[PDB]
Every structure is written in C-alpha cells, then in structure tokens.
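S.K.: no sequence for this one, just the structure:
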RNA sequence: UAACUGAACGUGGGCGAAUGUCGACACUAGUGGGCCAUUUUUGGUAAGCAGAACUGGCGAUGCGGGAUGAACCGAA
RNA sequence: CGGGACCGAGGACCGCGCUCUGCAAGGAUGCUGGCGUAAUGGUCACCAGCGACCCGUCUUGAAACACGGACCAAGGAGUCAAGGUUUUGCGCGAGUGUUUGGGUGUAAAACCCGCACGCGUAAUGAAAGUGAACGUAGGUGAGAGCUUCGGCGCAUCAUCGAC
C-alpha cells in the first residue's frame, strides 16, 4: 500500500517536472531537449512465412515467434541494431504508463517453472521475483515503466 | 611494407606459450613462410623455438573445424591486440574493485553499451537558428 | 502459426518380472518421499536393460573395498559374480539384484552378508555409508566393434 | 510370429605360405595361466591350502589331465610350493613358480 | 480456474492493489495544477516561431 | 559449424624434445615434492 | 641465464557486454548434378539467352484474395 | 452510467481479499410458464443457398500426354529355411549348451543322464616359435554416489607410463 502510494506520487512528480523544465527553458529563451526514451514495446505484425534466416533468428531472440506478439524492450544501441534489422516484421514505439499497466493487468502472464501462469495474485510475483525486491504487481509495473536495475 | 631493409624490432619481441599472435607474411624472407592460406589469421602460441614459433589455427573443412599447428618464423608473426582490451580491462577491474571494496560504495563494473542520452537544455543566445529551404537560395541564384 | 521434445531415458522397466515390478514400486516410493539421490540412482538403474547392467565381480568389489571403504555396504544393481583369480575374498556386506551360487557361497564363507535390494531399503533407506558400484560397460565384443 | 512383423503393419502402403594336408591335431597345445592354476585344485583342499591347514604337504597338478599343454605366466601365485607337471612352460611362468616355492616338471 | 480482469472486476483490483480504493476516493486522476499566474511567451519565441 | 571442444591440457607431443624432456623431469620432481 | 635470471608445471592464500536459452553411441532409412523467383556477379545476342553465389518457395500443402490457374499477395 | 451478443468449464471446506451480520472474493444461480409427446432430438428421400474436375499408375522438379478401369461375387502378391549383425526379455555365469545318443514313459509329449564336442576363458607372426603385475593392477584432470566433511572416488573420457 505504501509502495503504491510512493509510485503514484513519483509518476505525478516526474510528469510535472518534465513540464516545468520545458516551461522554464521556454521562459528563459532556450530549448529543453527531453531525454530519449529508455523503454520500447515491440509488436510483431507480420507472419512466419518466407522469412530470411537472420531476421528469423533475431525475431526468435526477441521472443516474437507469432504474429501479434509484444515484448517490453530496453532501448540501447546493441538492441536497436537488431530492431532495425527486423523492422519489416515489427512495429515499435514508446509506451506510456496506462499502456504498461493495462498490458500487465489484462494479459499479464509469468514464466513459472517453464509454464505460463496468469498473474492473478501477488504471491506468484513475490515467489518468482522477490529476490530482486519486486514483490507485487505494482513493483513489476514500476520496474518495466522506469527501466530499473532488474 | 616498404622494399629493402626489414625493421629489427621484429627480433626483439619475446613470444611465450599462450600468447595470441597474428600472421602477417613478409615477402622478403622466404624461410619459415606458411602456406598461401593461414596468412592474416590469428592464433595461439604453443611452441617457442629459436627463430620460429608454433601457432594453433582452426581451419574449416566441409562442416567441421580442424586444429592445425603451423611453424612460422618470427618474421611473419606479429603480436595481436585482440586481448589487450581484455588484459587492460581485467587489471582495471582488479584495482577498481579493490578500491571500491575498501571504500564501501558499490559500483557498476561491467562495460555497458551506448545508452540513450539524458535531457539537457540548449541556449539560443549567440546561437540563433537559421532558416533553411529545401534548396539553397544562393544555389537558386 | 508459431515459430517453435520427448524424453530419451526409461521411465519403466521393459521386463515383466513381478518381483522387479515390486522393487520398482518400492524404490519409486523411496525416491518420491526421500531427498537422497541414491534412491533415484537405484531406481534409474532398476529401469535399465541387461547390457546396461554388466556384472560386477568379487575382485572388482575387493578393489573398491580398499582405502577406508571396508565397512561400507556395497550396492550393485547387477549380478555379482565370482572370480577364481581372487583367492582370498575379504569380508564384505553386498546388496545386489542377483548373486551367482559360487559368489554367494564364497562371501558367506569369508563371513560377509548377501542382501537383496528390499533388505537394503529396510536397513539403509537413505543409502547411508554405501558404495555404489558398476561393472565394465564397454567390455563386450559388440562394443569393441563400435 | 507373423502377426508381430512389419509387413502386417504395412498392409495397404505397398597371405603367407600354404599348408597342404594340415592336421589340426598336431598343434593341440592349450594354455593355462598361473592365476587359474589354483582353481584346478578341488575347493575344500584348495581352501585348506590357502588357509594354511596343510603345511607338510605340497600339491601336484597334472595339466594334461585337465586338458592343458602349456603353463603361461599371467598373474601372481601365493607362497605355497606346487609341483606342476606340463608339456610346455614359459620362462616367466617357470620363474614365478620358483619364487612361489614349487617346481615345473616336463612330461610328454 | 478463471482469470478475471482487474480493470473490470474491482474485487481483483483491490486484491492485487490495495491502494486502488484510496486512489478512487482521493481522486488522484483529477489532480489540478499548481496555482499562480503563468508568465507570458517571450517575444523572441513567437518571432522565431513565425519567422519565414 | 560448431566450435570443436578443446582439451584442458594439450599434449607435449607437439613441443620440441629438449623442452619436453626437461618438462617431464620437472614433473617427476614436483611429483616427488608433492608426495613428500 | 654471469646469476632463482628466466621458461613451463605444481603447493598454499586472496579475489566481469546485450538478448534468448545438451553430448555420445547403436540400428534403420529416403534423397544426395531438380523446377521457379529476388539480390549480387561473369559472358554474350539482331532480339533472345547462357552460366555461378546466397536466400525463399515448390516437389510434400490445405485456406483467404488475384473471375480462373505449379511459381503472385496474405497466411500456414 | 446505459444497450446488445456468445459462453456457465469445476463440483463439501481450504486460498487471495473486500465495502466485513455479509459479499460481484480459487468458473450460475434464483423465480416463473407451457408441454410431458414425436413437442425436442435422430435416420432416410427430395427441394433450396454455398462449396466441390475421375480414380489408380507413370513422368519429371512437376503438369500434360500415355496406360488400366462395363459391372458384381470369390481367389489374388515381402513368405519359409540357412548364416550374420544390432537391440529387447529370460536362465546360468568363467563358464555355458539335456534332446548325436542312452535311460524312461500314461509313448512323436513329458522326465532324467553323461563322454566327447562347439563357443568363451590369450594373443601375436607368413612361419619356426614366443606369450601378458616394478607399483594397494600406476600417475594426472574430470566424474555419479558416499563421507568421520579430511577425503574415497563406479562406469566412462582425455593424457602420460608399464607388460
């Protein structure tokens, strides 16, 4: 409860802080360049027919083996080259908080012992990710959205 | 490589077993020359002899790799800078981790790839932007 | 469509021996309800075929009985075989699937004890102080032609 | 059995020199090693000899009666004197018998 | 036996997130901005914006 | 084309016989030193 | 090596980019100088065309769309 | 905050929870009506909408061509012996194999018996011939299991030795 309260406060403060920095730069007669995005959401929208081996291997390593499969991906140069290679099969972009929380609430499934278990209770998340400090669904959403150390 | 005299610091480089060496064949010296293949290849020293060294190369034939042991004179071998980025790094982690453990504060000690840049503010004063057309106007002149 | 393996080991013995089925049931219960890996290894070897269970001789046991292994209980999931080249059989407590008549006679004459695997399960259910031995797998004319 | 066959399942989907007149009985010379020499003794008497109940008696073994012509020398022998009567013997087997304390006697 | 959507069944929402009731009660999705008269746009900004 | 497995200790078969003989004598000496 | 000066190998002690997540045998096969196409490349022709390398498809394959269909598009 | 469609899997309790006398919280119950039979359901025949080339074989990379097919019933094509090889089950195990034969019998069965012999237990060389322990049957690195927690270390693999 306290952790979710802190997370909501942090999200609101980050939004107003970005707006405030842009406004003070505009008022001082300059331009505030916002930070480049750290989180991307990649969706494979093309089928599995007639695909070259290198894009097939990269789509396999991105865990996109089916059309309409989506993954949360950290933005880095080493990953961005792979995504640039598999651009003719995927659509990617920068998701927001509602996208992240709606995805993990509605289609949230975890890999527990090699099995696809729905995220219906916080006990599963605490059992499989509690060593990293992620004990509930709000920590999972916060880690995905803010791109934490885990 | 220029024609004539060979530089003499080639003979003053000391090779030991386990060192990583390139093979750059010198055309002037015909003794100890390897094949047409194994030129421009990187390998491991296993045997050190008076004027030659033994290099472990992994040749490819069909659908498998075969180990080859090639005897090459010191004329055609050059020290390879592949693992200098490893040795300097592992030394640097050794003293940095010793210092960080002594001090107390944990650090990020793995090399990280290029992350996206953070937010910053760019001043307009004395750097006023110039307006560009799709073509240059002095070019349309 | 999606762009994407059975096991390659025995899960039940191919034999129809009812006594072997009883032993399999007992060691299945032991391997399920105990934490000892010895029970699982004995169950896996009980599953195996005859060519995967070569015989273990008395000289082979006497070799492994040395170096502080004299009082350990020898466990061999195979047939224990007599060796005429071993003149003096040391005192040994052996649990096995089968004993040849001369090997059993020589063990009991030397003063040791012959056990079956159910007796081994009763006396040492966790396989404590046991020496688990196997015979030479590659000692066949079939294997030598491979 | 025919019913266990694959056909029933597929029902519907189809140097040196030459030796003229060689007699194999000339080269009948079976060999026994010394590590199997004590197995020719009967079991009770063998256990008495190996346990030392017999100290004034030495066993005599005829290899021809058991069907062996040569005594070979693979293995070790205990320190018990044995008389071994053989048609052939190797040098190492003869040596090992003499540090065992016995003797190899040649027969025909 | 049945996966229920937290965005539709509010009981699962309060099971997974006990702060949802406090969020809805305190109206944290309707937080107004801070008060104060906003400064006007600098003239140089509009001149650069409408520069040909 | 997978990379072939490499043994932990390469043989002294490839090396020169003088250093091979010296290394075998050194191994015998360190063996007796370890046994002591 | 002028030299415990080095060379290997041991004795003891202390301490590392991203993303995703098996090996060896036994026995038994069918196919191993086929067709089409994108890209690259070498020769040419009046025009055709003839060759090589990689990849994809077909032969082995249904479905939706090209009115229809071995080689097209989507999708298995 | 309404309007609509499809679905109701499970079967005492357990669990996560909440707005906590209870509940929309680990899967539908409550009330009511008609009928209680060809009414629901099913089979066959036919109409209607949509879909739908004649099966084999051959060819080649494939299609076409070519070949066979008037119809029906019955028959009709990877079998047995010998010798190898790998694997599965079994008996005995450094041995093993009674059944050439003999004894016996309720008589081609079953039961019993042994000499020889085959294969295995020793290889190598054209042959004469010779013929497998320096060592707890060796050292090193792995290695399941066990351990008094120091280590012992099966199979097996790599390597250096010995006969």
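M.R.: Perfect, I can see it now. Numbering: from 1, shown residues only, chains lettered A, B, ... in the order given.

S.K.: number of nearby residues for the closest residue to chain A within chain F?
M.R.: Closest residue of chain F to chain A, C-beta to the nearest C-beta: residue F:1 (14.1 Å). All C-beta atoms are positioned from the backbone trio N, CA, C, and that covers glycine. Neighbour count for residue F:1, taken as other C-beta atoms under 10 Å in any protein chain shown: 8.

S.K.: ok, and the closest non-adjacent residue to it?
M.R.: residue B:63 (6.0 Å; C-beta to C-beta, 6 or more residues apart in numbering or on different chains).

S.K.: wait, doesn't that neighbour sit right on residue F:2?
M.R.: No. Assessed by C-beta atoms under 8 Å, residue B:63 is found out of contact with residue F:2, at 9.3 Å.

S.K.: As a check, name the ranges of all strands in chain A.
M.R.: Here chain A has its strands, by DSSP state E, at A:30-33, A:39-44, A:69-74, A:90-93, A:109-112, A:115-118.

S.K.: Identify whichever of those lies nearest to chain D.
M.R.: Nearest to chain D, of those and by C-beta to the nearest C-beta, is strand A:115-118 at 37.1 Å.

S.K.: Indicate each strand paired with that closest one and its parallel or antiparallel sense.
M.R.: Using DSSP bridges, strand A:115-118 pairs in its sheet with strand A:109-112 (antiparallel).

S.K.: what comes up buried for the partner strand?
M.R.: The neighbour-count check on strand A:109-112 (16 or more other C-beta atoms under 10 Å in any protein chain shown) flags residue A:110 as buried.

S.K.: Give me the contact list for that strand.
M.R.: Contact with strand A:109-112 is made by A:116, A:117, A:118, A:119, A:124, A:125, A:127, A:128, as judged by C-beta atoms under 8 Å, 6 or more residues apart in numbering or on different chains.

S.K.: Could you list which residues are in contact with the residue of chain E with the smallest separation from chain B?
M.R.: Here chain E gets closest to chain B at one residue, residue E:51, 6.0 Å apart by C-beta to the nearest C-beta. Applying C-beta under 8 Å, 6+ apart to residue E:51 gives the contacts residue B:131.

S.K.: and the residue in chain E that RNA strand G sits nearest to, backbone torsions?
M.R.: Here chain E gets closest to RNA strand G at one residue, residue E:3, 21.4 Å apart by C-beta to the nearest atom of the strand. Main-chain torsions, residue E:3, degrees, to the nearest 10: phi -80, psi 120.

S.K.: Tell me the spacing between it and residue D:53.
M.R.: In this view, residue E:3 and residue D:53 are 84 Å apart by C-beta to C-beta, to the nearest Å.

S.K.: again with residue A:119
M.R.: Using C-beta to C-beta, residue A:119 is found at 81 Å from residue D:53.

S.K.: Which one of these two is surrounded by more residues?
M.R.: Neighbour comparison, residue A:119 and residue D:53: the larger count goes to residue A:119, with 21 against 10 (by other C-beta under 10 Å).

S.K.: Neighbours of residue E:17, how many?
M.R.: For residue E:17, using other C-beta under 10 Å, the count is 21.

S.K.: do the same with residue C:133
M.R.: When neighbours are counted by other C-beta under 10 Å, residue C:133 registers 19.

S.K.: Also residue D:52?
M.R.: 8.

S.K.: and what of residue D:5?
M.R.: If you count neighbours by other C-beta under 10 Å, residue D:5 ends up with 9.

S.K.: Next, it: phi, psi?
M.R.: Dihedral angles for residue D:5 - degrees, to the nearest 10 - are phi -90, psi 160.

S.K.: hang on, residue D:107 packs against residue D:83?
M.R.: No. Counting by C-beta under 8 Å, residue D:107 does not reach residue D:83; the two are 11.4 Å apart.

S.K.: Between these two, which is the more surrounded one?
M.R.: residue D:83 (14 against 11).

S.K.: Quick check: the more buried one vs chain F, distance?
M.R.: Noted for residue D:83: a distance of 43 Å to chain F, by C-beta to the nearest C-beta, to the nearest Å.

S.K.: what does residue B:80 give?
M.R.: 18 Å.

S.K.: just residue C:104 next, same as before
M.R.: Taking C-beta to the nearest C-beta, one finds residue C:104 at 41 Å from chain F.

S.K.: Please apply the same query to residue B:17.
M.R.: From residue B:17 across to chain F, the span is 9 Å (C-beta to the nearest C-beta).

S.K.: before we move on, back to that, from the contacts of strand A:109-112, list the buried ones, please.
M.R.: Looks like the contacts of strand A:109-112 have A:119, A:124, A:125 buried, using 16+ other C-beta under 10 Å.

S.K.: wouldn't the second one be in contact with residue A:117 here?
M.R.: Yes. Because the distance of 6.1 Å satisfies C-beta under 8 Å, residue A:124 is recorded as touching residue A:117.

S.K.: In chain F, which residue sits nearest RNA strand G?
M.R.: Distances between chain F and RNA strand G by C-beta to the nearest atom of the strand are smallest at residue F:26, namely 4.1 Å.

S.K.: Where does that residue sit: helix, strand or coil?
M.R.: The three-state label given to residue F:26 by DSSP: H, G, I helix; E, B strand; the rest coil is helix.

S.K.: do residue D:22 as well
M.R.: coil.

S.K.: Contacts only, for it.
M.R.: Residue D:22 neighbours (C-beta under 8 Å, 6+ apart): none.

S.K.: distance of the residue in chain E positioned nearest to chain A from chain C?
M.R.: Per C-beta to the nearest C-beta, residue E:19 is where chain E lies closest to chain A, at 3.8 Å. Separation of residue E:19 from chain C (C-beta to the nearest C-beta) stands at 37 Å.

S.K.: and the residue lying closest to that residue once chain neighbours are set aside, how many residues sit next to it?
M.R.: Of all residues not flanking residue E:19 in the chain, residue A:4 sits nearest, at 3.8 Å (C-beta to C-beta, 6+ apart). Using other C-beta under 10 Å, residue A:4 is surrounded by 20 other residues.

S.K.: Residue F:4 now?
M.R.: By the measure other C-beta under 10 Å, the count of residues near residue F:4 is 10.

S.K.: quick one: residue B:93 and residue B:108 touch, right?
M.R.: No. Under the contact definition of C-beta under 8 Å, residue B:93 does not touch residue B:108, with a separation of 11.2 Å.

S.K.: Between the two, tell me which one has more neighbours.
M.R.: Neighbour tally, residue B:93 and residue B:108, criterion other C-beta under 10 Å: the higher count belongs to residue B:93, 15 against 7.

S.K.: quick one, phi psi at that one?
M.R.: Backbone torsions of residue B:93, given as degrees, to the nearest 10, read phi -70, psi -40.

S.K.: quick one: which helix or strand includes the closest residue to it other than its chain neighbours?
M.R.: Using C-beta to C-beta, 6+ apart and skipping residues adjacent in sequence, the residue nearest residue B:93 is residue B:109, 5.7 Å away. Assigned by DSSP states H and E, residue B:109 belongs to neither a helix nor a strand.

S.K.: for chain E, what spans make up the helices?
M.R.: In chain E, the helices defined using DSSP state H lie at E:10-16, E:20-26, E:43-49.

S.K.: now residue C:26: how far from residue C:113?
M.R.: Residue C:26 is 20 Å from residue C:113, where distance means C-beta to C-beta.

S.K.: swap that for residue C:18, please
M.R.: Distance from residue C:18 to residue C:113, by C-beta to C-beta: 26 Å.

S.K.: more crowded one of these two?
M.R.: residue C:113 (13 against 8).

S.K.: Identify the residues contacting the residue nearest to that one when sequence neighbours are not counted.
M.R.: In this structure, residue C:113 finds its nearest non-sequential neighbour in residue C:93, 4.9 Å apart by C-beta to C-beta, 6+ apart. Counting by C-beta under 8 Å, 6+ apart, residue C:93 touches C:73, C:74, C:112, C:113, C:115.
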